[PDB]
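Note sheet for the following structure.
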Protein chains: 6
Amino acid sequence: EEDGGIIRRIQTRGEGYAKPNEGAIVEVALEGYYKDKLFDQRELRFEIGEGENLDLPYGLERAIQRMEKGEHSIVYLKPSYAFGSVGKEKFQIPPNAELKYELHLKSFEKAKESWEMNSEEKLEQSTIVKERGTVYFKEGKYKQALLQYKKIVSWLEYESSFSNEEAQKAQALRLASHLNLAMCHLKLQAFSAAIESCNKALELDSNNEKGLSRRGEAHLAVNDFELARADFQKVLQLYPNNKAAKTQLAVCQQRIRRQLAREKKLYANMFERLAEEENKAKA
Amino acid sequence: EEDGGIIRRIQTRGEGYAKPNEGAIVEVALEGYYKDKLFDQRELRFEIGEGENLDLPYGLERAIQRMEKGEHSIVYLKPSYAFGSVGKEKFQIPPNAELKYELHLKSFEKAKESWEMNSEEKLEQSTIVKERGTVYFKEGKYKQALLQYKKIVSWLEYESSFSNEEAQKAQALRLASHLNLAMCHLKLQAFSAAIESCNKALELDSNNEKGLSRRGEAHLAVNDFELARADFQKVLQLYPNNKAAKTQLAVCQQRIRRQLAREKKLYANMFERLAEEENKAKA
Amino acid sequence: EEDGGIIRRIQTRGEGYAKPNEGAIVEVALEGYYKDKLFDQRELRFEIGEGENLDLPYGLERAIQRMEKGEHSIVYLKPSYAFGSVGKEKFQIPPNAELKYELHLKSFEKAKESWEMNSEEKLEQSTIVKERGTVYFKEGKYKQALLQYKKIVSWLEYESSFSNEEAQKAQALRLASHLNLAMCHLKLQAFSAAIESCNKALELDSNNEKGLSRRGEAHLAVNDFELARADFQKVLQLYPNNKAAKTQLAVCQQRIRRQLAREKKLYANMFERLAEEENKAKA
Amino acid sequence: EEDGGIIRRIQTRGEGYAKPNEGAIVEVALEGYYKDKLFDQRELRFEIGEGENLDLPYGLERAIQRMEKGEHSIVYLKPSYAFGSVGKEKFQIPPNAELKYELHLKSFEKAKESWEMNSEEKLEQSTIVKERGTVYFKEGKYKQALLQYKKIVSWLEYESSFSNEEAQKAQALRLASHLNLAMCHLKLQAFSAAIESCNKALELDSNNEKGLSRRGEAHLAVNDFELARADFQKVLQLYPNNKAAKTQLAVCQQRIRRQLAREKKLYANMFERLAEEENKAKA
Amino acid sequence: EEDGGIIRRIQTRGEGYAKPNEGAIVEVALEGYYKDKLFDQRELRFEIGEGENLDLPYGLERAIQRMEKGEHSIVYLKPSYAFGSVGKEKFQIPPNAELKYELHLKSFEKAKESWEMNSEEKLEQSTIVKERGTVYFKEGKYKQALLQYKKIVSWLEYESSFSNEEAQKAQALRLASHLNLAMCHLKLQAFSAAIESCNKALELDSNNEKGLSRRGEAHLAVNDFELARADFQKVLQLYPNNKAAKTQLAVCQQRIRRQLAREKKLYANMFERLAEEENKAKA
Amino acid sequence: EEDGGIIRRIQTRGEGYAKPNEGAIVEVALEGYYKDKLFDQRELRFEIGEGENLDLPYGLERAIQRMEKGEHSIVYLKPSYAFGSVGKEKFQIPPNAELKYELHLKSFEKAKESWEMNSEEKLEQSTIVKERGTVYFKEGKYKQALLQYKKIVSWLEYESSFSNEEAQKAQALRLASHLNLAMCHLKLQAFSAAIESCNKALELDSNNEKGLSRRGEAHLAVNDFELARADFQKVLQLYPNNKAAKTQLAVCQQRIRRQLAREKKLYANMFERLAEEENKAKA
């Protein structure tokens, strides 16, 4: 299967049937060695699936998904399932490195899986995760915030057995999830992605001040002024007392103003230089 | 190209050094020859870009884009520039064939490049091609309808010199262009395209009655019932007396029901097969 | 490996224990069958390796090579060795088809191979082959001519044990062979290959009137006015009395002259357009 | 999903919950039209998954899997889900052709699916299918025989809850399935594949006369004499009174005998020709 | 290559025009320099092909294959010929680096090419390298064990001039070669390789006690319990008092049990979630 | 699109409304940061496009180009524009890394571009650049020399409005430029590129002593004895007093002489072996 990439020797079995699943919050006590020299060691409460943002190899989170409460194990990770080709510089680990870890799974809470969730449970796990996400947002842990928000959109997609009331709630969570994902992507300077989320949001509320402004901000951030000017221009029509727009629109006009002056002289010079070659062409 | 694919032999020089551009309305008289046998003789008038829908190899189109008014001429085409991998059965023409055309460029008329038009011209012209859309669609020439609408969306893409009132109209055009493409893709049974197109429309009007309907139609067509349901539901909780929504909603509501029975029964059985092993697995 | 692609049922015994090789000249009588239907009956003698230009499926030549003199055989070709992808129209053989040929290997003369020939022999054979090359060239069998000229370049490549007058004799040959190859490409309108074969001629004699001209016709053929003018300017300085040169040199001078008038006007216009937008941008 | 490739209009609904699944034996009454001209029409009892060997497009078998007893429907198949790029020559259908069919599902029997099969049911459905397969074999319908035998191997792979008695039965079915698959592949002149099946068989009974001989036959069929001589040579040791082996071994010796005589003269001539270049190399 | 990757500068000419071939035992004294700093100094003796296991770039190996006895010399290596994409951390060497080696080819000894040996030599030598296998394995140098055994399987692959008695021994060698590779792959945790290797062995001895055991081990390692079970079962129903089989069989028997509980419970739940929808799906 | 790859925080304003272009000569003071750590502090003036040869990350040059004179800025580069894949060892910048540069654009002179220069100018600039080329060549900055010579070939390519003495002047330039480019490749041991640059010289003067020699050194460099002998034979017939020629011509004569003695013996042996097997094959 993974052909011995994640090799694990169990030191002290863990009484319990339970094992963590993706999304499970876990309490671990880990020790990381690169050629028996320690390079990682700490007790952390993290969510399976976010380890990459806490400098955990993913073979390690994979290995945690096969442990039991209180268990003590040693995990052997080939370079592929470790920090592979990049290594981790803050841990002096270089490209293509095998790793050994001594983790000890203290406790955990499996995460409810999409299908286990009845209709109103989804409107609930979703609101929970939105908050979890905003929290991450405010701490500046933007990448970790994306994992929470994305969850919402997914969960509330196919599920349609909605009471028309529940429907609206689900629709608002989706609009909220998207506008929030755009904020993240903007903070990560992932503009092309900020526009996608904006568009998705807008497909929900085509007049959304937030979606419009952010999309407009993302275009501008990428120097796509014409499209940028289009969104702030719309934000104004819809929402005149809008500080950012009025200002951002200005920026767009100035740059677009310059842009034309450049281009114009360009054609002028190309024109003239062209006429030149032409006359000489009169042998 | 740039390797003897379409070679043209002038039988009578032109007069205007003016050459048709993509999307231009040319008027031509032609003759097609496969292994020197006549297979197509016609005097027609078409827009450069729809030749493939009028049984014209795009080689012939590429060539035509190089002639000048009143220019009689002859074109030689190599497989990948004529028909190629498939040939033309209505013309009895084997794959990879090579052809000779005796085309005469009677008259024509280039087509505003886009930067060639100001705000006004752009809205003027988009309204006009919007119209052409109408007919190609009325007559069942859907692919041809697509080239027209796509034109609209293209022309009003970066241009934002608009003036709020104008911008309001360009908005409506883009919206009407996206809703029609959805119609053509649907009649063409390009259900994903219909969906993308509906999405671009809804992003311009999250409440559109057609946008949601045609997207619901698209989902129902390709069997994604849980989704087609969501669109119809939202359609009726916005437009109560909406004829089609109510009916098809039933369809979705019905199909999903059956599906549930199948799945539950299925799960019921998988369970018992498993219990069966559970049992014999003792001894 | 062929994996049963070519299957041969020997009907009558051959003799000699010898077999045709790549390039052998064979005399064979054959008949092609598709679903027990006769679709090709002939008696011809050709060179192993030119069969394609004769409507003889790739596989069949690979079979004749495994046949003895006086042998009568039935060969079965899996589609991929028949006419494979897209068959053969003149025989009405459709795409992905199996064929049955009945052929009789009458006579043949195996062919000397690069390693068997000493230095005198390569120069001897290189001239024979060149003869064949030219015959075919006059019968219009261009691809078959290419088949021959190409042999010269190869056979004379790595060979270096020459003795001056031989080094010369050979250079004369490579040169003659690159130039003819150029004539062939120009006739089959394979312009890039023609340009290429010309450069390999000029590497051996950079003032070669024919080499410069032909690369001039090809550059000029694919509308590379600039580059062609250069060759035709050079051909004339070295050979002032070259008519085609003066002519062709005139055509470029003209097409280049019109091309520019066309471009100058383009910029004149984008300029004006850019200016009028500069005023719409003072509102 | 398949994006409208298989479009079906139901003419007369079919009372019944049931629908066919792959492997289901069906009774159909079909009519095939290429541009409203009939090209296929017949009533057949066939097994879903074998249609390709009865000239049925696979979009058609796909469409049958969504019908109900007695139902009458029309099925629209785009060229992709029809006879695509090859077309069907016996039906005059050319590459890239859409198709319309008027089939009528008279009756069917869903096929038990692997997981429904308890342990001894698998030893049963397997023996049934082996016979079904041999039958096909004898009629010369080799490709259709492969589908049945392959079923066995698959079914009896992971299932291991075998009573040690059942085990042997399952192992014999597997050995039987493999040696049978080799016969097919040999008859289809799919030698590379005949060896795979042989090897698999041999991994079950390393002394198998049948597996050895066929593998030996497949090597020989591909001119891999050394390996061929190895297997008949083994068959003899194991089973001396073996007609084929003794004879086939002979063939191998003769060809291998010739092969060496050829090669040897080759090196002799290469040697001598080499010495030649050498002496001359004494300037 | 064939583009300045490994350039060698002779510091002292050789004496024998004899050059080491792959698999040859060379004896060398070398010095490695990265940006002119010494990082590796050693006088060792190794077999051309295992250099990568002795921290030698294969550039250096390729180069060494070109020298002659007693030849002092210097080699320049370009990234993709030195270490390259990963570098050498034990030598502190960044990716893409370039190196300079001052190697001296003291002595060596080519290695029988294969066609260079008759039946006897082949069995003599294979027994010998079989032995070398033994040691590299005893010392934990598994990769190095692999090159040895692979050699055996290679040498006795097409050679069948054997004489039944000999052929019996070559059989045993191939069998022992495949069972050892299974051992090395397993200690290397290349479980698929271990399985292929076991399969090649069983095809030579369908009853092998190790073959089945090591394959069972391989399956159990990568968690395919239903299969590891089958091998152990068959192992004990052939070798009753087989220590390991009995135990691990238990393991498989246990793990599969748990798995069943999980699946059944899982199915149990999926069922009820479905019934839940079934219900609310009414109103 | 870059999508936020290059992010610049302008600290102090510039002036002039002008910006450096590809090939501009700039004066800038910079400092490179990685995790707030200083890893590069300098004050240099270089040509936009040679930055790589100076340890200036690709992205940074693309930034300087967006800077004004006298401007002070902070630029943020996403890993893919930093040193990206595999970083930079001398700065200890590890694979996949983000960098922060603080640079001050002091002065610069934009660069004339192919279209701005009339015929006299290209010949003027082609000489300036060639000068730069040669300086760098003497300082050993080979890659930087390549950067320059290459400009000549390009700039002089499509230009054809020359007036004989100009056509000549230019040919002298292209020739000088192909030959120097050859010297550079030989120094960077990029032999295939050297051979290539030589052919482009000989196309313009097929008796060029330097061109023939250098292609001789390269052919000889990669062990193409045959081909190199040819060039060294020719260089000598045209220039009897060429020492390196006579020398090199001797080396090939020798390496070729030994190569053959080596090959002859090979065949002698395979011959004997093939004979001894012919006797084992009489049993």
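Here, residue 1 is simply the first one shown, and the rest follow in order.
Method reported for this entry: X-ray crystallography, 2.8 Å.
Including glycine, each Cβ sits where the backbone N, Cα and C put it.
As annotated in Swiss-Prot, phosphotyrosine applies, among C:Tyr76, C:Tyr101, C:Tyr158, C:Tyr267, to C:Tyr76. Residue annotated by Swiss-Prot as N6-acetyllysine (from the set C:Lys37, C:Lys110, C:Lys138): C:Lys138. In sequence order, C:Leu249, C:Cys252, C:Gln253, C:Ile256 are the residues near C:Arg229 (omega-N-methylarginine), counting only same-chain partners six or more apart with C-beta under 8 A. Rounded to the nearest whole angstrom, the C-alpha distance between C:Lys138 (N6-acetyllysine) and C:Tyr76 (phosphotyrosine) is 36.
Using a Cβ-Cβ cut-off of under 8 Å to chain F, the modified residues C:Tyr76, C:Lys138, C:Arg229 reduce to C:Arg229. Taking DSSP states H, G and I as helix and E and B as strand, the repeat 'TPR 1' (C:126-159) has 28 helix, 0 strand, 6 coil.
C:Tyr76 (phosphotyrosine) falls within a strand segment according to DSSP. Across the domain 'PPIase FKBP-type 2' (C:23-109), DSSP assigns 14 helix, 40 strand, 33 coil. With helix defined as DSSP H, G or I and strand as E or B, the repeat 'TPR 2' (C:175-208) counts 25 helix, 0 strand, 9 coil. Secondary structure at C:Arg229 (omega-N-methylarginine), as computed by DSSP, is helix. With a cut-off of 8 Å between CB atoms and residues at least 6 apart in sequence, the same chain places C:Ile6, C:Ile7, C:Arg8, C:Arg9, C:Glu98, C:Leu99, C:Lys100 near C:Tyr76 (phosphotyrosine), listed in sequence order. Filtering the modified residues C:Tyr76, C:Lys138, C:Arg229 for a Cβ under 8 angstroms from any Cβ of chain B leaves an empty list.
A sphere of 10 angstroms centred on the C-beta of C:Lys138 (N6-acetyllysine) encloses 8 other C-beta atoms.
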